[PDB]
>>> print(open('target16.pdb').read())   # PDB, C-alpha atoms
MODEL        1
ATOM      1  CA  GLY A   1     -55.433   0.967 -77.283
ATOM      2  CA  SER A   2     -55.656   3.645 -74.602
ATOM      3  CA  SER A   3     -53.145   6.081 -76.095
ATOM      4  CA  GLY A   4     -53.007   8.773 -73.430
ATOM      5  CA  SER A   5     -52.088   7.602 -69.938
ATOM      6  CA  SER A   6     -48.531   6.427 -69.279
ATOM      7  CA  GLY A   7     -47.037   6.398 -65.796
ATOM      8  CA  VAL A   8     -49.046   3.470 -64.455
ATOM      9  CA  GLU A   9     -49.354   0.615 -66.950
ATOM     10  CA  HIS A  10     -50.257  -2.944 -65.954
ATOM     11  CA  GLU A  11     -49.698  -6.182 -67.869
ATOM     12  CA  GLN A  12     -53.118  -7.175 -69.210
ATOM     13  CA  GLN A  13     -53.086  -8.302 -72.843
ATOM     14  CA  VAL A  14     -54.524 -11.815 -72.606
ATOM     15  CA  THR A  15     -56.156 -13.205 -75.747
ATOM     16  CA  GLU A  16     -59.027 -14.787 -73.820
ATOM     17  CA  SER A  17     -61.773 -12.958 -71.927
ATOM     18  CA  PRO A  18     -65.314 -13.888 -73.095
ATOM     19  CA  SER A  19     -66.724 -12.292 -69.944
ATOM     20  CA  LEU A  20     -64.835 -10.410 -67.231
ATOM     21  CA  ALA A  21     -66.121  -6.842 -66.945
ATOM     22  CA  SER A  22     -69.681  -7.545 -68.087
ATOM     23  CA  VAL A  23     -71.554 -10.733 -67.195
ATOM     24  CA  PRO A  24     -75.034 -11.396 -68.696
ATOM     25  CA  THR A  25     -77.665 -11.691 -65.963
ATOM     26  CA  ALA A  26     -79.226 -15.108 -66.563
ATOM     27  CA  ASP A  27     -81.316 -16.880 -63.926
ATOM     28  CA  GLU A  28     -83.902 -19.670 -63.950
ATOM     29  CA  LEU A  29     -84.323 -20.869 -60.365
ATOM     30  CA  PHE A  30     -84.586 -17.453 -58.711
ATOM     31  CA  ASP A  31     -87.952 -18.149 -57.083
ATOM     32  CA  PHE A  32     -86.729 -21.446 -55.632
ATOM     33  CA  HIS A  33     -84.633 -21.328 -52.459
ATOM     34  CA  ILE A  34     -82.366 -23.817 -50.688
ATOM     35  CA  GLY A  35     -84.160 -25.822 -48.017
ATOM     36  CA  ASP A  36     -87.572 -26.230 -49.633
ATOM     37  CA  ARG A  37     -89.642 -29.100 -51.027
ATOM     38  CA  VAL A  38     -89.829 -29.584 -54.796
ATOM     39  CA  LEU A  39     -91.456 -31.974 -57.267
ATOM     40  CA  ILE A  40     -89.295 -33.319 -60.095
ATOM     41  CA  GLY A  41     -91.429 -33.624 -63.212
ATOM     42  CA  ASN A  42     -94.528 -33.429 -61.020
ATOM     43  CA  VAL A  43     -94.099 -37.019 -59.831
ATOM     44  CA  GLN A  44     -90.821 -37.419 -57.936
ATOM     45  CA  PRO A  45     -91.066 -35.554 -54.580
ATOM     46  CA  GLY A  46     -87.957 -34.253 -52.845
ATOM     47  CA  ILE A  47     -86.104 -31.306 -51.329
ATOM     48  CA  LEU A  48     -84.118 -28.592 -53.103
ATOM     49  CA  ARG A  49     -80.534 -28.973 -51.885
ATOM     50  CA  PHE A  50     -78.761 -27.355 -54.836
ATOM     51  CA  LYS A  51     -79.530 -25.344 -57.973
ATOM     52  CA  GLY A  52     -77.110 -23.767 -60.430
ATOM     53  CA  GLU A  53     -74.536 -24.271 -63.175
ATOM     54  CA  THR A  54     -72.431 -27.426 -62.883
ATOM     55  CA  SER A  55     -69.054 -28.530 -64.242
ATOM     56  CA  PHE A  56     -69.929 -31.955 -65.647
ATOM     57  CA  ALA A  57     -72.715 -30.334 -67.666
ATOM     58  CA  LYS A  58     -73.832 -26.860 -68.738
ATOM     59  CA  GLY A  59     -77.047 -25.240 -67.552
ATOM     60  CA  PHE A  60     -78.992 -25.070 -64.296
ATOM     61  CA  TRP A  61     -78.897 -28.292 -62.276
ATOM     62  CA  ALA A  62     -81.057 -28.674 -59.171
ATOM     63  CA  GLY A  63     -80.021 -31.438 -56.792
ATOM     64  CA  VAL A  64     -83.360 -32.584 -55.403
ATOM     65  CA  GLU A  65     -83.352 -35.006 -52.470
ATOM     66  CA  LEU A  66     -85.924 -37.757 -52.997
ATOM     67  CA  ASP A  67     -87.469 -39.039 -49.766
ATOM     68  CA  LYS A  68     -87.157 -42.562 -51.167
ATOM     69  CA  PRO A  69     -84.167 -44.341 -52.795
ATOM     70  CA  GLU A  70     -85.169 -43.475 -56.361
ATOM     71  CA  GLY A  71     -82.323 -41.185 -57.371
ATOM     72  CA  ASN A  72     -78.919 -42.329 -58.601
ATOM     73  CA  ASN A  73     -76.590 -39.953 -56.759
ATOM     74  CA  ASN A  74     -75.489 -38.950 -53.259
ATOM     75  CA  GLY A  75     -74.974 -35.236 -53.827
ATOM     76  CA  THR A  76     -71.506 -35.717 -55.295
ATOM     77  CA  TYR A  77     -71.477 -35.727 -59.099
ATOM     78  CA  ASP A  78     -68.255 -37.258 -60.416
ATOM     79  CA  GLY A  79     -66.533 -36.093 -57.246
ATOM     80  CA  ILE A  80     -68.066 -32.621 -57.296
ATOM     81  CA  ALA A  81     -69.871 -32.227 -53.972
ATOM     82  CA  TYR A  82     -73.161 -30.319 -54.046
ATOM     83  CA  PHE A  83     -75.179 -31.409 -51.009
ATOM     84  CA  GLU A  84     -75.647 -34.134 -48.398
ATOM     85  CA  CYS A  85     -77.987 -37.107 -48.781
ATOM     86  CA  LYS A  86     -78.291 -40.895 -48.940
ATOM     87  CA  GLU A  87     -76.388 -43.049 -51.434
ATOM     88  CA  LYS A  88     -79.132 -43.007 -54.067
ATOM     89  CA  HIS A  89     -81.576 -40.316 -52.942
ATOM     90  CA  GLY A  90     -80.301 -37.072 -54.430
ATOM     91  CA  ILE A  91     -80.960 -36.494 -58.124
ATOM     92  CA  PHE A  92     -79.951 -33.609 -60.388
ATOM     93  CA  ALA A  93     -82.873 -32.417 -62.511
ATOM     94  CA  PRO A  94     -83.148 -29.401 -64.878
ATOM     95  CA  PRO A  95     -84.886 -26.193 -63.672
ATOM     96  CA  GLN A  96     -87.789 -26.801 -66.056
ATOM     97  CA  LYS A  97     -88.575 -29.909 -64.006
ATOM     98  CA  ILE A  98     -88.651 -27.954 -60.744
ATOM     99  CA  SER A  99     -92.087 -27.281 -59.260
ATOM    100  CA  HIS A 100     -93.527 -26.740 -55.781
ATOM    101  CA  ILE A 101     -94.971 -29.863 -54.162
ATOM    102  CA  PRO A 102     -98.760 -29.586 -53.560
ATOM    103  CA  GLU A 103     -99.783 -28.779 -49.986
ATOM    104  CA  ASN A 104    -101.831 -31.986 -50.091
ATOM    105  CA  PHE A 105     -98.752 -34.177 -50.530
ATOM    106  CA  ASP A 106     -97.309 -34.850 -47.078
ATOM    107  CA  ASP A 107     -99.133 -37.337 -44.852
ATOM    108  CA  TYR A 108     -96.142 -37.569 -42.514
ATOM    109  CA  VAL A 109     -92.849 -35.671 -42.687
ATOM    110  CA  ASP A 110     -90.038 -36.648 -40.319
ATOM    111  CA  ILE A 111     -86.780 -37.255 -42.187
ATOM    112  CA  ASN A 112     -83.381 -35.638 -42.721
ATOM    113  CA  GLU A 113     -81.586 -35.237 -39.391
ATOM    114  CA  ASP A 114     -77.800 -35.546 -39.173
ATOM    115  CA  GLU A 115     -76.770 -32.363 -37.363
ATOM    116  CA  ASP A 116     -77.379 -33.106 -33.682
ATOM    117  CA  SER A 117     -75.110 -31.880 -30.886
ATOM    118  CA  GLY A 118     -75.249 -30.326 -27.430
ATOM    119  CA  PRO A 119     -72.061 -28.398 -26.503
ATOM    120  CA  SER A 120     -73.687 -26.100 -23.945
ATOM    121  CA  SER A 121     -75.743 -27.367 -21.008
ATOM    122  CA  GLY A 122     -79.423 -26.832 -21.741
TER     123      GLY A 122
ENDMDL
END
>>> encode(input="target16.pdb", output="structure tokens")
Amino acid sequence: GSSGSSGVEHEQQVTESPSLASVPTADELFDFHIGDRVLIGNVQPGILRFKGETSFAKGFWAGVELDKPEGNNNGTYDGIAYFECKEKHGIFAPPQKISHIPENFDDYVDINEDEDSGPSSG
């Protein structure tokens, strides 16, 4: 122990601290940002709503929002809210299955629109 201080001594002797002062810098979806289109497994198109470590499972989990009802989640995984979407549109897929949708893959885009208000008089 630190034998040579005295005066000011706190109460910190817990027997559990895997990481507190130093935390390993580990990232996978650093290039991907929230609010962008992504292709799950290069087949299932959608939008990146979430991306990071979850509670139900370990590892990076990106909550892509499929334009069509193909997913099996609504943003909330076992109660844990991550993003907003239909009942079965949002799907959590690993980072490895996260790629940018080809520019030639959007004949018509006009979905996702819940936030709509007009407080002020425009």
>>> residues_around(input="target16.pdb", residues="segment 99-114 of chain A", least_positions_apart="4", cutoff="8 Å", atoms="all atoms listed in the file", output="list in words")
residues 37, 38, 39, 40, 41, 42, 45 and 67 of chain A
>>> closest_residue(input="target16.pdb", among="A:50, A:72, A:58, A:13", to="residue 1 of chain A", atoms="all atoms listed in the file")
A:13
>>> atom_distance(input="target16.pdb", atom1="atom CA of residue 17 of chain A", atom2="atom CA of residue 54 of chain A")
20.1 Å
>>> resolve_selection(input="target16.pdb", expression="the PyMOL selection byres ((chain A and resi 51) around 7)", output="list in words")
residues 29, 50, 52, 60, 61, 62 and 63 of chain A
>>> write_last_selection(input="target16.pdb", atoms="C-alpha atoms", output="tab-separated table (two decimals), in the frame of the given file")
chain	number	residue	atom	x	y	z
A	29	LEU	CA	-84.32	-20.87	-60.36
A	50	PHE	CA	-78.76	-27.36	-54.84
A	52	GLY	CA	-77.11	-23.77	-60.43
A	60	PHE	CA	-78.99	-25.07	-64.30
A	61	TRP	CA	-78.90	-28.29	-62.28
A	62	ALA	CA	-81.06	-28.67	-59.17
A	63	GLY	CA	-80.02	-31.44	-56.79
>>> atom_distance(input="target16.pdb", atom1="atom CA of residue 74 of chain A", atom2="atom CA of residue 89 of chain A")
6.2 Å
>>> atom_distance(input="target16.pdb", atom1="atom CA of residue 83 of chain A", atom2="atom CA of residue 31 of chain A")
19.4 Å
>>> residues_around(input="target16.pdb", residues="residue 35 of chain A", least_positions_apart="3", cutoff="9 Å", atoms="all atoms listed in the file", output="PyMOL selection string")
chain A and resi 47-50
>>> closest_residue(input="target16.pdb", among="A:64, A:91, A:21, A:14", to="residue 34 of chain A", atoms="all atoms listed in the file")
A:64
>>> residues_near_point(input="target16.pdb", point="(-67.0, -29.3, -63.6)", cutoff="10 Å", atoms="all atoms listed in the file", output="PyMOL selection string")
chain A and resi 53-58+77-80
>>> decode(input="target16.pdb", residues="segment 2-48 of chain A", atoms="C-alpha atoms", output="PDB file, in the first residue's frame")
ATOM      1  CA  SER A   2       0.882   3.688  -0.169  1.00  0.00           C
ATOM      2  CA  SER A   3       2.892   3.887   3.054  1.00  0.00           C
ATOM      3  CA  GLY A   4       3.689   7.588   3.237  1.00  0.00           C
ATOM      4  CA  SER A   5       0.704   9.932   3.167  1.00  0.00           C
ATOM      5  CA  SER A   6      -1.612  10.035   6.183  1.00  0.00           C
ATOM      6  CA  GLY A   7      -3.832  13.019   6.912  1.00  0.00           C
ATOM      7  CA  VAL A   8      -6.309  12.453   4.093  1.00  0.00           C
ATOM      8  CA  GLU A   9      -7.276   8.797   3.678  1.00  0.00           C
ATOM      9  CA  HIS A  10     -10.411   7.658   1.850  1.00  0.00           C
ATOM     10  CA  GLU A  11     -12.233   4.326   2.066  1.00  0.00           C
ATOM     11  CA  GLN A  12     -11.373   2.484  -1.150  1.00  0.00           C
ATOM     12  CA  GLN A  13     -10.457  -1.173  -0.640  1.00  0.00           C
ATOM     13  CA  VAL A  14     -13.017  -2.952  -2.820  1.00  0.00           C
ATOM     14  CA  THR A  15     -12.083  -6.426  -4.054  1.00  0.00           C
ATOM     15  CA  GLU A  16     -13.516  -5.817  -7.524  1.00  0.00           C
ATOM     16  CA  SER A  17     -12.195  -3.382 -10.131  1.00  0.00           C
ATOM     17  CA  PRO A  18     -11.337  -5.051 -13.484  1.00  0.00           C
ATOM     18  CA  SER A  19     -11.229  -1.617 -15.115  1.00  0.00           C
ATOM     19  CA  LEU A  20     -11.619   1.778 -13.442  1.00  0.00           C
ATOM     20  CA  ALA A  21      -8.494   3.883 -13.959  1.00  0.00           C
ATOM     21  CA  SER A  22      -7.458   2.358 -17.287  1.00  0.00           C
ATOM     22  CA  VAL A  23      -9.959   1.281 -19.943  1.00  0.00           C
ATOM     23  CA  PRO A  24      -8.733  -0.520 -23.114  1.00  0.00           C
ATOM     24  CA  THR A  25      -9.597   1.475 -26.237  1.00  0.00           C
ATOM     25  CA  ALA A  26     -11.618  -0.961 -28.346  1.00  0.00           C
ATOM     26  CA  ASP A  27     -13.790   0.182 -31.252  1.00  0.00           C
ATOM     27  CA  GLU A  28     -15.298  -1.485 -34.321  1.00  0.00           C
ATOM     28  CA  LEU A  29     -17.966   0.851 -35.696  1.00  0.00           C
ATOM     29  CA  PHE A  30     -15.952   4.075 -35.539  1.00  0.00           C
ATOM     30  CA  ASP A  31     -16.370   4.887 -39.231  1.00  0.00           C
ATOM     31  CA  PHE A  32     -20.137   4.383 -39.062  1.00  0.00           C
ATOM     32  CA  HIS A  33     -22.254   7.219 -37.665  1.00  0.00           C
ATOM     33  CA  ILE A  34     -25.827   7.475 -36.387  1.00  0.00           C
ATOM     34  CA  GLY A  35     -28.291   8.536 -39.065  1.00  0.00           C
ATOM     35  CA  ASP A  36     -26.819   6.781 -42.094  1.00  0.00           C
ATOM     36  CA  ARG A  37     -27.846   3.947 -44.415  1.00  0.00           C
ATOM     37  CA  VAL A  38     -26.277   0.514 -43.947  1.00  0.00           C
ATOM     38  CA  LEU A  39     -26.497  -2.940 -45.527  1.00  0.00           C
ATOM     39  CA  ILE A  40     -26.782  -5.927 -43.189  1.00  0.00           C
ATOM     40  CA  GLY A  41     -24.834  -8.819 -44.673  1.00  0.00           C
ATOM     41  CA  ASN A  42     -24.891  -7.037 -48.030  1.00  0.00           C
ATOM     42  CA  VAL A  43     -28.534  -7.961 -48.631  1.00  0.00           C
ATOM     43  CA  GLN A  44     -30.765  -6.416 -45.961  1.00  0.00           C
ATOM     44  CA  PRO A  45     -30.879  -2.604 -46.461  1.00  0.00           C
ATOM     45  CA  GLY A  46     -31.599  -0.280 -43.554  1.00  0.00           C
ATOM     46  CA  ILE A  47     -30.508   2.685 -41.448  1.00  0.00           C
ATOM     47  CA  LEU A  48     -27.977   2.771 -38.611  1.00  0.00           C
TER      48      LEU A  48
END
